[PDB]
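*Asks:* Got a structure for you, questions after.
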Amino acid sequence: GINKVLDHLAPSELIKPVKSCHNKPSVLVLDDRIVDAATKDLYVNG
Amino acid sequence: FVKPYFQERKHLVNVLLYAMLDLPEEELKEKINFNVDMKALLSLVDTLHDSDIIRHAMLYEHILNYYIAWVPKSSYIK
Amino acid sequence: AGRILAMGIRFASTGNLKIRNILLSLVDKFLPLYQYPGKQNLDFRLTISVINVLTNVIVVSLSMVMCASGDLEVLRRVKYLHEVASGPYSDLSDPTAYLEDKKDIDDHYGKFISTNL
């Protein structure tokens, strides 16, 4: 039990799939000239 | 310890560089007035020419295998 | 981190085997997760930053308890955390990018002081 919980706190081989992150900062678009379901979720006034 | 004795002898530079370039005996005999042993010349030539003297899983293993696997008057000693 | 740090300081320079083995198992488990920005998620990013802090504590404490011994495996692991920047770059608006680079460069500085100590 002690070992299995430590594996849960510290999953060594379980987590890392490929280690291939792009590492670029994602940019959010705030423009209100295009109508989309995702934009309507974040933009309220219409 | 040995170099001053080499500088003592005078023809050493000529014969050695000629040994370096493997010059034919005919050119040697043209301007050198002392006999040079041919079988020595071939032997030194032979000694001179002696020349017996997946991509992401490997990074995790090699970073462990290369950085965790602890390996336990100028240089002039080339 | 708090418990092991008190554990390491308690057995400071006295040397032992059971504590060393336990710390060896802990560092072995927590080493692969170290500095792994796989899914760039701040909940994940804050958690793994604590992982970086935690793995800095384990290596320091492991060095604490085995002090002045010249241990092999302890040296073997701290050599690992010493080398390879890892992080976002390599493999595993101007002031803003300056601050964005400032955070990563400061993270590497903190990761180095622990392994150096």
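Identifiers for the structure tokens are assigned positionally: chains receive A, B, ... in sequence, residues are indexed from 1 per chain, and ligands are indexed from 1 in the order shown.
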Chain A residues within 7 Å of chain C, counting only C-alpha atoms: which ones, as a list in words?
*Replies:*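 Every residue of chain A that passes the 7 Å test is in residues 10, 12, 19, 20, 21 and 23 of chain A.
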*Asks:* Which chain C residues are at most 8 Å from chain B (counting only C-alpha atoms), as a PyMOL selection string?
*Replies:* chain C and resi 32+72-73+75-77+79-80+83+91-92
*Asks:* Now that the selection is made, can you save its residues with N, CA and C atoms as a compact mmCIF listing (two decimals), in the first residue's frame?
*Replies:*
```txt
# COMPACT_ATOMS: atom_id res chain seq x y z
N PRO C 32 11.91 11.26 -13.25
CA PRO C 32 11.41 11.40 -14.63
C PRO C 32 10.39 12.52 -14.81
N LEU C 72 28.43 7.28 -4.24
CA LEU C 72 28.37 7.12 -5.69
C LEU C 72 27.00 7.48 -6.25
N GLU C 73 25.97 6.73 -5.85
CA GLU C 73 24.65 6.91 -6.44
C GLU C 73 24.07 8.28 -6.12
N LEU C 75 25.90 10.94 -5.74
CA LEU C 75 26.59 11.73 -6.76
C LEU C 75 26.02 11.46 -8.14
N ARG C 76 25.61 10.21 -8.40
CA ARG C 76 25.07 9.85 -9.71
C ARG C 76 23.80 10.64 -10.01
N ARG C 77 22.91 10.75 -9.02
CA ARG C 77 21.65 11.45 -9.24
C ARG C 77 21.86 12.96 -9.30
N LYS C 79 24.40 14.56 -10.21
CA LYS C 79 24.99 14.86 -11.51
C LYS C 79 23.90 15.03 -12.56
N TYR C 80 22.89 14.16 -12.52
CA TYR C 80 21.78 14.24 -13.46
C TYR C 80 21.05 15.57 -13.35
N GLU C 83 23.03 18.49 -14.85
CA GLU C 83 23.20 18.70 -16.28
C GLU C 83 21.85 18.69 -17.00
N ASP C 91 14.89 18.99 -26.12
CA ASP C 91 13.99 17.85 -26.16
C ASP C 91 13.88 17.21 -24.78
N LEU C 92 12.91 16.31 -24.65
CA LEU C 92 12.73 15.55 -23.42
C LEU C 92 12.12 14.19 -23.70
```
*Asks:* To one decimal place in Å, what is the distance between CA of residue 9 (chain B) and CA of residue 35 (chain B)?
*Replies:*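 Answer for the CA of residue 9 (chain B) to CA of residue 35 (chain B) separation: 15.6 Å.
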*Asks:* Just checking: using only C-alpha atoms, which residue out of B:3, B:38, B:51, B:74 ends up closest to residue 26 (chain B)?
*Replies:*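 Looking only at the distances to residue 26 (chain B), the closest residue turns out to be B:38.
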*Asks:* Determine, counting only C-alpha atoms, which protein, DNA and RNA residues have an atom within 10 Å of an atom of residue 44 (chain B); residues of the same chain fewer than 3 positions away are not included. Present the result as a PyMOL selection string.
*Replies:* chain B and resi 16+19-20+22+38-41+47-50
*Asks:* Please run DSSP on the backbone and report, as a PyMOL selection string, all residues within chain B that come out as alpha helix (DSSP H).
*Replies:* chain B and resi 3-8+12-21+25-31+38-48+57-67
*Asks:* I need the residue nearest chain B from this list: A:45, A:28, A:40, A:16. Use only C-alpha atoms for the distance.
*Replies:* A:16
*Asks:* Distance CA of residue 86 (chain C)-CA of residue 6 (chain A), one decimal place?
*Replies:*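 Separation of CA of residue 86 (chain C) and CA of residue 6 (chain A): 24.4 Å.
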*Asks:* Give me, as a list in words, all polymer residues having an atom no more than 12 Å from residue 44 (chain A), counting only C-alpha atoms and skipping those fewer than 5 positions away in the same chain.
*Replies:* residues 30, 32, 35, 36, 37, 38 and 39 of chain A
*Asks:* Point out the residue among A:18, A:29, A:34, A:5 with the least atom-to-atom distance to chain B, counting only C-alpha atoms.
*Replies:*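 Among the listed residues, the smallest separation from chain B belongs to A:18.
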*Asks:* Please indicate the distance in Å from CA of residue 22 (chain C) to CA of residue 62 (chain C), rounded to one decimal place.
*Replies:*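 Answer for the CA of residue 22 (chain C) to CA of residue 62 (chain C) separation: 9.4 Å.
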